[PDB]
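> Structure for this input, please:
(chains A, B, C, D, E, F, G, H and I, ligands or ions: 12)
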Amino acid sequence: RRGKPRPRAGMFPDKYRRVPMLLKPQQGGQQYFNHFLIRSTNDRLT
Amino acid sequence: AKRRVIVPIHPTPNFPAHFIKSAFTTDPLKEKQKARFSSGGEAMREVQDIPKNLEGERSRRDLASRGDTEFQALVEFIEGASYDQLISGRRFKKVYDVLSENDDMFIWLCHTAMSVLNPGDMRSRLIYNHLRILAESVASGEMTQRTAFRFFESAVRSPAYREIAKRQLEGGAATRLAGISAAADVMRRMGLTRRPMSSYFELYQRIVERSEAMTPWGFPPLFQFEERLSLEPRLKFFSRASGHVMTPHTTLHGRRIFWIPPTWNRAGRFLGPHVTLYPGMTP
Amino acid sequence: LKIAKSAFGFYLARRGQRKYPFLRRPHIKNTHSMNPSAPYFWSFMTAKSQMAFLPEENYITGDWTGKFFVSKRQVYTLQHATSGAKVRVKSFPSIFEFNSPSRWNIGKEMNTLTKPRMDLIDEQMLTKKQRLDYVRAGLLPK
Amino acid sequence: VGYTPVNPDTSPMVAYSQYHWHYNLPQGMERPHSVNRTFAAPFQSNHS
Amino acid sequence: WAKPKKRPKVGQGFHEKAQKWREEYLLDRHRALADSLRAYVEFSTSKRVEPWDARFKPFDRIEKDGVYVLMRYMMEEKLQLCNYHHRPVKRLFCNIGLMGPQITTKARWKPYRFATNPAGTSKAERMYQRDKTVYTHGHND
Amino acid sequence: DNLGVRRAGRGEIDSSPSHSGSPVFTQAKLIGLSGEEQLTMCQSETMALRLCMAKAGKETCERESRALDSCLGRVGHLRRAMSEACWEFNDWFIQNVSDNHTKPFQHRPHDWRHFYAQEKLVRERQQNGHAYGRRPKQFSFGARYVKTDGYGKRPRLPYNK
Amino acid sequence: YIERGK
Amino acid sequence: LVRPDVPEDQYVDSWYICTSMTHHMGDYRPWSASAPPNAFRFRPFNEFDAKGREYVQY
RNA sequence: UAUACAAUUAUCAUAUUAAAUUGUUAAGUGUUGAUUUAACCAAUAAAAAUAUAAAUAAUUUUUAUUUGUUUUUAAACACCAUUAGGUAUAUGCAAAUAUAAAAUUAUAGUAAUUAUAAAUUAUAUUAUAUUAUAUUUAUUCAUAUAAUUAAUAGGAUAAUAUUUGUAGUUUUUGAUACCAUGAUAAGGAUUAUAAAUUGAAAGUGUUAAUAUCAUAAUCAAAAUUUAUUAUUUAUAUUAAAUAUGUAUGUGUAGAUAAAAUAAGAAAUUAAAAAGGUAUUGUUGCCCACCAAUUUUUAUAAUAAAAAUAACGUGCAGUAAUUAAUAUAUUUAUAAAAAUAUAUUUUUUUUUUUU
Ligand SMILES: [Mg+2]
Ligand SMILES: [Mg+2]
Ligand SMILES: [Mg+2]
Ligand SMILES: [Mg+2]
Ligand SMILES: [Mg+2]
Ligand SMILES: [Mg+2]
Ligand SMILES: [Mg+2]
Ligand SMILES: [Mg+2]
Ligand SMILES: [Mg+2]
Ligand SMILES: [Mg+2]
Ligand SMILES: [Mg+2]
Ligand SMILES: [Mg+2]
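Residues are numbered from 1 along each chain as shown, chains lettered A, B, ... in the order given. Ligands and ions are numbered 1, 2, ... in the order given. Below is the structure:
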């Protein structure tokens, strides 16, 4: 700050510290999981 | 120099003598130093470690009505999971101390078992009695550990000892089973522990851990026992113990157990430990 | 305050250059009160309506011995010019007199006829330091 | 501390002290007071 | 907080100087006022450049069509009476009604200081060539 | 709690173990982590890969870079192992060797003065028990060949002067 | 350093 | 936890001290005593959460 | 005034059973020129390697012998002076720490002691994992005035008070314009993620025991010099408390400001060894010359020594601004400084055939 050098980025608390771990990153696309499971299973038999 | 002057406060109906000498000083180079601590009835008994000397009917009433303190401690620590208490590190510390209380004697016995080449046949009632007596004298503080050890190794065994030792041993190292069986036996027959097994377990365990150490059964003579200068409790031998730019200024701000809670004279902006500034929505 | 120009120099703190809420500054110092406008001549620093009566201060209200200066919100009236009587106003250092009467003054308040901050500066009311600082700003010659 | 003394009603550092009633105790009236009933004064005005 | 130093005394004969200086500052201000009134009225009375910005519509259109037709035949007299001062010009356009909602919305007008130039103005420099001795607030030529 | 244990914690002020009184400040330099003489795990790899880079640009070999990055991937765990073993050495050295700064320095010549004395004494008894601490006068770069017959051409025993 | 005594 | 886990109505934010205290000295009633007997997620009524109760009522 | 060292280990000057002394080797020219040094100046540059055995132990060497000073530069280095030169290392003379001693100083009458070592004194490149400073936006910053701080006193719907209209000057002195102790500000630099705060004690006008020049206080309409302040930048512009006339100049010097927090930025870190003549400790102590005086005497430019609190030079010492200490020789305003040897009461940096 004042007539002194800025702290390195790692010297501040985490920027996203208040966002829950399930949000970073979002795991979306759950709808498809089951689909591909069946698919792969099917392919194995092929 | 314009030297500041302070006029003495005399004892007052609300301001007794000790309050005055402890909270007030007439010499103003000693102002703004720091906080002093003192102890009262129980915290004094903890810090001063006054061993109770035995006494009349009340003291034996309370030797017979005592029960298991090994257990009572455990219970009281557990009890912190009750709805109306927290779990304390102090309560835990008390449990720990009572469990690990057996290093002064168990440690000694470990030395007599593993630290001595050829301590005769340890099943024989003679050497056995030597060991028994010395043990009961390490407990109850009648002897130094060092003194009792040097007593043990210098104790009278049998005439022409070495030359009978040439008829059994090559390099003078006997087998260690008799030693451990005797050393457990003594702690059992003496009343050393409230629960019988603990003796044997600890004496065994402490040996097993040391088995992995470099030059395990030798010891430097100065650090081996009580002496002026000691090792730190981690390195003792058979011992049981073997943002970021502002958090100078955030030093109060987590969830903090306090001792003395801060007060508005001493803390300008702090709100208290229970406070949540950024609350999430919970059902 | 640094220098005490009045009693209040002792009582008041400056607080650096501090902000006050809109149009409330503790001390009413109207530097702008004489600030020439031809088109706004009758609306600027004067009565909001021309049907307002002249203020209290154009009238002799009670039994008077006499006054030293008349107030500065008094409005200059044809009689101020014509009657040829002393018209004084309290300005700094001491007092401003209207000596040379003109009809061009008429209908405005003496606030507006008296320049609060003169382009003229006394070198003798200034410390040598202050005189230096007035030379830096390019006011005093040196 | 000062030439102006604290006024004991408005100061919580008096009110809530050990010599008075803290705000976390149960706040009921301490004792009743019957003054006017026990010994009563007859009315005499200062004015006729 | 240091004790305030005392202010030096006023001056000798500075009361006379202040009296004289304010006196003739006021006498000067009379002519400055007279002159700026003359200027203000001379400006109100004299013609101005066209207020509308021709770069946009409906003004860009060739002078023989659209709004310019509407001006030459219906509004001309009035537009000249008010000397193309931008306020009455914009109002007249509102009241002619044959443009109607557009005057404020689609049409663009020159900025204040440019619209105030005297008719005949060729170079932009003119804004800065007007007299500074006169107190009209940019309402002088 | 740190009284009577004169050594303080570790990574801490007065944590250093001592050897015959002079403290041990070189520990990392021993296991060859972070020293100038430091042990290097993979050389042949890095040299091989450097050679590959310098030879030609028409063919690019990532085979070499794969052998190398394999090598490194192992090196990490190796190093953590060595460090751990070294801290165990610090512990052992403190228990069974170090005197905790209690014995006199052996590492500077004055500490050995008595030794040198024994030698001075000898050169004195050779001289008929006379000149102690005395040594032969240094002569000249070429004292032997610049001097005439009759003057000493080589430096004598001090007693002999 | 020389003047330090003042 | 800084203080016992109990319905917060039992706590008061202290004057002059940064800390909370209990408005009945040291007595504590568990969560179970706020709700009806065997109340799901101690709740005035088990059917809905607070908002659910509001809009059902509306 | 008299009134009981040690003799097992004690550092400055009274040595003593000892094998030495003597060795003729090396090195030197091609050519056109910035070497050495923190920096100056003179001005060819290369060089001088070998010896063990043996000598018997003690009892009358103490006026004897013996403890780093040395011919020859037509030979250098080195050192001293500064371009001119001096000097450049055991054939004269020369006992001398290696301890025989009785409290410090002092030529053996001076002052009353002295000397001494381990407490304490913040920076000497030791290691992955527990995860990022090199982005963005800013910078024309001004506002104070017209003197008297000293005590109580009740009214309708009340069982009767003119108490309607209650009348005893004058002996004290500080918060003042003025010396007159206390107490809360600002100021990011390593207790991290979970059910959680990015603001601190080290003190910023107004506050409680030092008094002994003075009425200085806003109730309007008022006088810029003060480090410590984010203003509106081109379609349309002064109506109610009176309310700012000035600086258009190629977003243009130097120098500066702010931020990782409901926003959106991502890759070049620290630990562990250290000294004090001071003693709440470097703003600490001390050292010599340079005046007065006091006192003893073995009177050397100007006697010596001891007490000592001025004045003036400096900055010698406490690893202390080129480390100190001892001897030697030289030098000199004064501590002292240069060189030649020994040495740590100076701080350490560490190849078991590469
Ligand atoms: Mg240390
Ligand atoms: Mg002698
Ligand atoms: Mg203060
Ligand atoms: Mg007043
Ligand atoms: Mg004399
Ligand atoms: Mg003398
Ligand atoms: Mg010095
Ligand atoms: Mg020196
Ligand atoms: Mg020095
Ligand atoms: Mg010396
Ligand atoms: Mg000198
Ligand atoms: Mg000397």
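> Spit out the contact partners of the closest residue to residue E:29 other than its chain neighbours.
In space, and not counting its chain neighbours, residue E:29 is closest to residue C:36: 6.6 Å by CB to CB, 6 or more residues apart in numbering or on different chains. The way it works is simple: take the backbone N, C-alpha and C, and place the C-beta from them, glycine included. With contact taken as CB atoms under 8 Å, 6 or more residues apart in numbering or on different chains, residue C:36 is in contact with E:29, E:32-33, E:36, E:135.
> cool, and residue H:28?
Residue H:28 neighbours (CB under 8 Å, 6+ apart): B:83-84, H:4, H:6, H:10, H:22.
> Now a PyMOL select for only the buried ones of those.
Buried residues within the contacts of residue H:28, by 16 or more other CB atoms under 10 Å in any protein chain shown, are selected in PyMOL with:
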select buried, chain H and resi 6+10+22
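> now, among the contacts of residue H:28, which is nearest to chain D?
Lowest distance from chain D to these (CB to the nearest CB) belongs to residue H:22, with 7.4 Å.
> Can you give me the distance of the nearest residue in space to that closest one that is not next to it in sequence to residue B:68?
Of all residues beyond its chain neighbours, the one nearest residue H:22 is residue H:10 (5.6 Å), with distances taken as CB to CB, 6+ apart. Separation of residue H:10 from residue B:68 (CB to CB, to the nearest Å) stands at 35 Å.
> Dihedrals phi and psi, residue E:6?
Main-chain dihedrals, residue E:6, degrees, to the nearest 10: phi -80, psi 140.
> Enumerate every residue touching it.
By CB under 8 Å, 6+ apart, the residues touching residue E:6 are C:3-4.
> May I have the beta-bridge partners of it?
With DSSP bridges as the criterion, residue E:6 is bridged to residue C:4.
> Please report how far it lies from residue C:93.
Applying CB to CB, the value for residue E:6 to residue C:93 is 16 Å.
> Just give me the neighbour total for residue E:107.
17 (other CB atoms under 10 Å in any protein chain shown).
> wait, it sits on residue E:58?
Yes: contact criterion CB atoms under 8 Å: residue E:107 and residue E:58 qualify, at 6.3 Å.
> could you measure the residue nearest the centre of chain C against residue C:43, distance?
Centroid-nearest residue in chain C, with CA atoms, centre = their mean: residue C:116, separated by 4.4 Å. Separation of residue C:116 from residue C:43 (CB to CB): 20 Å.
> now residue B:234
88 Å.
> so what's the closest residue to residue B:139 other than its chain neighbours up against?
Excluding the flanking residues, the one nearest residue B:139 by CB to CB, 6+ apart is residue B:105, at 5.3 Å. Contacts of residue B:105 were listed using CB under 8 Å, 6+ apart, and they are B:135, B:138-139, B:187, B:192.
> mind listing what the residue nearest the centre of chain H touches?
Taking CA atoms, centre = their mean, the centroid of chain H lies closest to residue H:7, which sits 2.7 Å from it. Residue H:7 sits next to H:29, H:31, H:34 when contact means CB under 8 Å, 6+ apart.
> Give the burial count for the last one, as a bare number.
Counted with other CB under 10 Å, residues neighbouring residue H:34 total 15.
> In contact with it, which residues are there?
With CB under 8 Å, 6+ apart, residue H:34 has these contacts: H:7, H:42.
> Please report how far it lies from RNA strand I.
For residue H:34, the distance to RNA strand I equals 16 Å [CB to the nearest atom of the strand, to the nearest Å].
> Show me which positions of the helix or strand hosting the residue nearest to residue B:139 end up buried.
Counting by DSSP states H and E, the element that carries residue B:105 is helix B:104-114. Of the residues in helix B:104-114, B:105-114 count as buried by neighbour count, 16+ other CB under 10 Å.
> List the contacts of the helix or strand that that helix is followed by.
Moving toward the C-terminus from helix B:104-114, the next helix or strand (DSSP H and E) is helix B:125-138. For helix B:125-138, the surrounding residues in contact (CB under 8 Å, 6+ apart) are B:104-105, B:108-109, B:112, B:119-122, B:143, B:145, B:148, B:151-152, B:155, B:157, B:182-183, B:185-187, B:189-190, B:192.
> Could you do stretch E:39-59 as well?
Taking CB under 8 Å, 6+ apart as the rule, stretch E:39-59 contacts C:38-39, E:60, E:66-67, E:83-86, E:89-90, E:99, E:102, E:106-110, E:114-121, E:131, E:134, E:136, E:139-141.
> Give the buried subset of those as a PyMOL selection command.
Selection of buried members from these for PyMOL, criterion 16+ other CB under 10 Å:
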select buried, (chain C and resi 38+39) or (chain E and resi 67+84+85+86+89+90+107+109+110+114+115+116+117+134+136+139+140+141)
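> Just the ones of the contacts of stretch E:39-59 in strands?
Among the contacts of stretch E:39-59, DSSP state E puts none in strands.
> check the contacts of stretch E:39-59 against RNA strand I, which are close?
Checking these against RNA strand I by CB under 7 Å from any atom of the strand, the ones in range are E:86, E:90, E:107-110, E:114-115, E:134, E:136, E:140.
> Which pair of the residues you listed spans the longest distance?
Maximum pairwise distance in those, criterion CB to CB, is 32.5 Å, between E:107 and E:134.
> List the contacts of residue B:192.
Neighbouring residues of residue B:192 by CB under 8 Å, 6+ apart: B:102, B:105, B:135, B:139, B:199.
> whoops, residue F:71 was the one
F:41-42, F:45.
> would a markdown table of those with secondary structure, distance to chain A and neighbour count be doable?
Formatted as a markdown table, the contacts of residue F:71 follow (DSSP: H, G, I helix; E, B strand; the rest coil; distance: CB to the nearest CB, whole Å; neighbours: other CB atoms under 10 Å in any protein chain shown):
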| residue | secondary structure | distance to chain A | neighbour count |
| --- | --- | --- | --- |
| F:41 | coil | 29 | 14 |
| F:42 | coil | 30 | 16 |
| F:45 | helix | 32 | 17 |
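> Not counting the helix or strand where residue B:19 lies itself, show me its contacts.
Assigned by DSSP H and E, residue B:19 belongs to helix B:17-23. Applying CB under 8 Å, 6+ apart, the contact partners of helix B:17-23 are B:9-11, B:36, B:38.
> And RNA strand I, is it touching that?
No: judged by CB under 7 Å from any atom of the strand, helix B:17-23 makes no contact with RNA strand I; its nearest approach is 12.5 Å.
> Can you list the buried residues in the helix or strand following that helix?
Per DSSP H and E, the first helix or strand lying C-terminal to helix B:17-23 is helix B:41-48. Of all the residues in helix B:41-48, not one is buried under the rule 16+ other CB under 10 Å.
> what's the answer for stretch B:10-26, then?
Within stretch B:10-26, no residue counts as buried by 16+ other CB under 10 Å.
> Can I get that stretch as PDB, trimmed to CA atoms?
Output of stretch B:10-26 as PDB, limited to C-alpha atoms (Å, rounded to 0.1, in the frame of the first residue of the first chain):
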ATOM      1  CA  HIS B  10      -4.100   3.300  50.300                       C
ATOM      2  CA  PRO B  11      -6.300   0.300  51.100                       C
ATOM      3  CA  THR B  12     -10.000   1.200  50.700                       C
ATOM      4  CA  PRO B  13     -13.300  -0.800  51.500                       C
ATOM      5  CA  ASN B  14     -13.400  -1.900  47.800                       C
ATOM      6  CA  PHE B  15      -9.600  -1.800  47.100                       C
ATOM      7  CA  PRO B  16      -7.700  -4.200  49.400                       C
ATOM      8  CA  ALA B  17      -3.900  -4.300  49.900                       C
ATOM      9  CA  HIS B  18      -3.000  -7.100  47.400                       C
ATOM     10  CA  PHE B  19      -5.200  -5.600  44.700                       C
ATOM     11  CA  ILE B  20      -3.200  -2.400  45.100                       C
ATOM     12  CA  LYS B  21       0.300  -3.800  45.000                       C
ATOM     13  CA  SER B  22      -0.700  -6.000  42.100                       C
ATOM     14  CA  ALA B  23      -2.800  -3.500  40.000                       C
ATOM     15  CA  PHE B  24      -1.000  -0.300  40.800                       C
ATOM     16  CA  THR B  25       2.600   0.900  40.600                       C
ATOM     17  CA  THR B  26       4.000   4.200  41.800                       C
END
